[PDB]
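Enquirer: Following this line is input_16.tsv, made up of TSV, C-alpha atoms:
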```tsv
chain	number	residue	atom	x	y	z
A	2	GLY	CA	29.15	-92.25	63.29
A	3	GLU	CA	31.64	-90.86	60.78
A	4	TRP	CA	34.80	-92.17	59.34
A	5	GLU	CA	38.00	-90.33	58.60
A	6	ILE	CA	41.41	-91.46	57.45
A	7	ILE	CA	44.11	-91.00	60.07
A	8	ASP	CA	47.87	-90.78	59.60
A	9	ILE	CA	50.12	-93.64	60.66
A	10	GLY	CA	51.97	-91.97	63.52
A	11	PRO	CA	52.79	-93.37	66.98
A	12	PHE	CA	49.18	-93.40	68.12
A	13	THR	CA	48.16	-95.57	65.17
A	14	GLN	CA	51.19	-97.86	65.58
A	15	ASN	CA	50.32	-98.47	69.20
A	16	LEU	CA	46.78	-99.44	68.21
A	17	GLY	CA	48.48	-102.04	66.05
A	18	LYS	CA	50.60	-103.22	68.97
A	19	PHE	CA	47.48	-103.40	71.11
A	20	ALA	CA	45.73	-105.53	68.46
A	21	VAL	CA	48.62	-107.98	68.09
A	22	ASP	CA	49.02	-108.32	71.88
A	23	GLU	CA	45.30	-108.91	72.29
A	24	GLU	CA	45.42	-111.40	69.45
A	25	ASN	CA	48.34	-113.28	71.05
A	26	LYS	CA	46.10	-113.86	74.11
A	27	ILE	CA	43.45	-115.31	71.79
A	28	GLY	CA	45.90	-117.65	70.09
A	29	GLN	CA	44.08	-117.72	66.74
A	30	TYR	CA	47.33	-117.50	64.78
A	31	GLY	CA	50.04	-118.43	67.23
A	32	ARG	CA	52.68	-116.03	68.43
A	33	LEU	CA	52.79	-112.97	66.21
A	34	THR	CA	55.57	-110.35	66.31
A	35	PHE	CA	54.34	-106.82	65.64
A	36	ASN	CA	55.90	-105.22	62.54
A	37	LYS	CA	53.95	-102.04	61.75
A	38	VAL	CA	50.58	-100.52	60.89
A	39	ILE	CA	50.33	-99.43	57.23
A	40	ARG	CA	48.01	-97.05	55.42
A	41	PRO	CA	45.04	-96.75	55.27
A	42	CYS	CA	43.83	-96.47	58.86
A	43	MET	CA	40.20	-95.43	59.46
A	44	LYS	CA	38.69	-93.90	62.58
A	45	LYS	CA	34.95	-93.68	63.30
A	46	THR	CA	33.49	-91.55	66.06
A	47	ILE	CA	31.06	-92.88	68.64
A	52	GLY	CA	34.44	-93.06	72.05
A	53	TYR	CA	36.06	-94.35	68.84
A	54	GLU	CA	36.34	-97.35	66.59
A	55	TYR	CA	39.33	-98.09	64.31
A	56	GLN	CA	39.89	-100.30	61.26
A	57	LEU	CA	43.60	-100.95	60.74
A	58	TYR	CA	45.98	-102.97	58.60
A	59	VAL	CA	48.80	-104.40	60.72
A	60	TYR	CA	51.82	-106.45	59.65
A	61	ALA	CA	52.81	-109.02	62.27
A	62	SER	CA	55.35	-111.81	61.68
A	63	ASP	CA	55.61	-110.66	58.05
A	64	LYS	CA	51.91	-111.25	57.32
A	65	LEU	CA	49.12	-108.73	56.75
A	66	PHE	CA	46.09	-108.69	59.02
A	67	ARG	CA	43.10	-106.36	59.43
A	68	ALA	CA	42.00	-105.39	62.96
A	69	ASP	CA	38.84	-103.75	64.27
A	70	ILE	CA	39.40	-101.91	67.55
A	71	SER	CA	36.93	-100.22	69.91
A	72	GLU	CA	37.97	-97.61	72.45
A	73	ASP	CA	36.05	-96.17	75.43
A	74	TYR	CA	37.56	-92.72	76.02
A	75	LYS	CA	37.00	-92.45	79.76
A	76	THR	CA	37.01	-96.05	81.13
A	78	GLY	CA	39.23	-99.15	77.83
A	79	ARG	CA	40.40	-100.53	74.54
A	80	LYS	CA	38.72	-103.53	72.99
A	81	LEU	CA	39.79	-105.89	70.21
A	82	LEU	CA	36.69	-106.58	68.15
A	83	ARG	CA	38.08	-108.55	65.21
A	84	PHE	CA	41.43	-109.73	63.92
A	85	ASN	CA	41.47	-111.57	60.59
A	86	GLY	CA	43.96	-112.54	57.92
A	87	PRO	CA	46.24	-112.85	56.16
A	88	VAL	CA	44.51	-110.27	53.91
A	89	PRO	CA	45.55	-108.89	50.52
A	90	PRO	CA	47.36	-105.56	50.57
A	91	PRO	CA	45.15	-102.48	50.24
```
Take the structure I supplied and represent it as structure tokens, if you would.
Expert:
Amino acid sequence: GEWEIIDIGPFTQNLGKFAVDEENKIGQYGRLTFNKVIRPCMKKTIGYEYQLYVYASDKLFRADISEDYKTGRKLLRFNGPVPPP
């Protein structure tokens, strides 16, 4: 159940796109336009879980994302706007 910092390459960006698209289906904040994932991005091993900071429509949100390696990606939490890290 350990955490590591991961770089903000394409894989991390697409986790941010996943989170925004999932959040648009929820409709908590209206229609958000994905901007980018910024540092720091954390990954925990279970099978993984991610804590990310994603800009969408010019505002900063934090997303918690679960991922089942074999089966499925899962939006656990999406909150904000949050202060910059």
Enquirer: I need the residue nearest residue 54 (chain A) from this list: A:36, A:71, A:25, A:76. Use all atoms listed in the file for the distance.
Expert: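 Distance minimum relative to residue 54 (chain A) lands on A:71.
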Enquirer: Excluding residue 40 (chain A) and any residue of its chain fewer than 4 positions from it, enumerate the residues within 8 Å of it, using all atoms listed in the file, and give them as a list in words.
Expert: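 What passes the distance filter is residues 8, 9, 57 and 58 of chain A.
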Enquirer: Please provide as a PyMOL selection string all residues within 12 Å of residue 29 (chain A), with the sequence filter that same-chain residues fewer than 6 positions apart are discarded (counting all atoms listed in the file).
Expert: chain A and resi 21-23+83-87
Enquirer: Which residue out of A:39, A:27, A:47, A:16 has the minimum interatomic distance to residue 74 (chain A) when only C-alpha atoms are used?
Expert: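 Of A:39, A:27, A:47, A:16, the one nearest residue 74 (chain A) is A:47, counting only C-alpha atoms.
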Enquirer: Point out the residue among A:44, A:66, A:59, A:79 with the least atom-to-atom distance to residue 4 (chain A), counting all atoms listed in the file.
Expert: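 Among A:44, A:66, A:59, A:79, it is A:44 that comes nearest to residue 4 (chain A).
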Enquirer: Have a look at A:33, A:14, A:60, A:19 and name the one nearest to residue 78 (chain A); count all atoms listed in the file.
Expert: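 Closest to residue 78 (chain A) of all the choices is A:19.
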Enquirer: Grab all the atoms of region 16-32 of chain A that the file lists, wrap them in a box along x, y and z, add 4 Å per side, and give me centre plus edge lengths in Å (one decimal) as AutoDock Vina command-line options.
Expert:
```
--center_x 48.1 --center_y -108.9 --center_z 69.4 --size_x 17.2 --size_y 27.0 --size_z 17.3
```
Enquirer: Missing atoms in region 23-38 of chain A need filling: write out N, CA and C atoms for it as a PDB file, in the coordinates of the input.
Expert:
```pdb
ATOM      1  N   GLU A  23      46.599-108.313  72.015  1.00  0.00           N
ATOM      2  CA  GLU A  23      45.300-108.910  72.290  1.00  0.00           C
ATOM      3  C   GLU A  23      45.129-110.203  71.530  1.00  0.00           C
ATOM      4  N   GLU A  24      45.522-110.206  70.260  1.00  0.00           N
ATOM      5  CA  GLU A  24      45.420-111.400  69.450  1.00  0.00           C
ATOM      6  C   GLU A  24      46.321-112.531  69.947  1.00  0.00           C
ATOM      7  N   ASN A  25      47.503-112.220  70.491  1.00  0.00           N
ATOM      8  CA  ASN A  25      48.340-113.280  71.050  1.00  0.00           C
ATOM      9  C   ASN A  25      47.654-113.954  72.238  1.00  0.00           C
ATOM     10  N   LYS A  26      46.832-113.220  73.007  1.00  0.00           N
ATOM     11  CA  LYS A  26      46.100-113.860  74.110  1.00  0.00           C
ATOM     12  C   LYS A  26      45.026-114.787  73.579  1.00  0.00           C
ATOM     13  N   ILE A  27      44.472-114.468  72.405  1.00  0.00           N
ATOM     14  CA  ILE A  27      43.450-115.310  71.790  1.00  0.00           C
ATOM     15  C   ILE A  27      44.056-116.575  71.196  1.00  0.00           C
ATOM     16  N   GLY A  28      45.249-116.471  70.627  1.00  0.00           N
ATOM     17  CA  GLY A  28      45.900-117.650  70.090  1.00  0.00           C
ATOM     18  C   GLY A  28      45.292-118.145  68.802  1.00  0.00           C
ATOM     19  N   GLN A  29      44.657-117.273  68.007  1.00  0.00           N
ATOM     20  CA  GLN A  29      44.080-117.720  66.740  1.00  0.00           C
ATOM     21  C   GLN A  29      45.152-118.081  65.740  1.00  0.00           C
ATOM     22  N   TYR A  30      46.247-117.326  65.738  1.00  0.00           N
ATOM     23  CA  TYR A  30      47.330-117.500  64.780  1.00  0.00           C
ATOM     24  C   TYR A  30      48.670-117.865  65.415  1.00  0.00           C
ATOM     25  N   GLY A  31      48.722-118.225  66.678  1.00  0.00           N
ATOM     26  CA  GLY A  31      50.040-118.430  67.230  1.00  0.00           C
ATOM     27  C   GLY A  31      50.677-117.123  67.649  1.00  0.00           C
ATOM     28  N   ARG A  32      51.962-117.209  67.942  1.00  0.00           N
ATOM     29  CA  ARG A  32      52.680-116.030  68.430  1.00  0.00           C
ATOM     30  C   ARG A  32      53.072-115.122  67.273  1.00  0.00           C
ATOM     31  N   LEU A  33      52.483-113.947  67.229  1.00  0.00           N
ATOM     32  CA  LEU A  33      52.790-112.970  66.210  1.00  0.00           C
ATOM     33  C   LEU A  33      53.733-111.918  66.787  1.00  0.00           C
ATOM     34  N   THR A  34      54.655-111.438  65.962  1.00  0.00           N
ATOM     35  CA  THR A  34      55.570-110.350  66.310  1.00  0.00           C
ATOM     36  C   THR A  34      55.129-109.109  65.548  1.00  0.00           C
ATOM     37  N   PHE A  35      54.791-108.050  66.270  1.00  0.00           N
ATOM     38  CA  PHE A  35      54.340-106.820  65.640  1.00  0.00           C
ATOM     39  C   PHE A  35      55.403-106.239  64.706  1.00  0.00           C
ATOM     40  N   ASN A  36      54.999-105.889  63.486  1.00  0.00           N
ATOM     41  CA  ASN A  36      55.900-105.220  62.540  1.00  0.00           C
ATOM     42  C   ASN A  36      55.546-103.733  62.451  1.00  0.00           C
ATOM     43  N   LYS A  37      54.357-103.422  61.940  1.00  0.00           N
ATOM     44  CA  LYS A  37      53.950-102.040  61.750  1.00  0.00           C
ATOM     45  C   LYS A  37      52.491-102.011  61.291  1.00  0.00           C
ATOM     46  N   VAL A  38      51.856-100.863  61.512  1.00  0.00           N
ATOM     47  CA  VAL A  38      50.580-100.520  60.890  1.00  0.00           C
ATOM     48  C   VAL A  38      50.878 -99.778  59.601  1.00  0.00           C
TER      49      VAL A  38
END
```
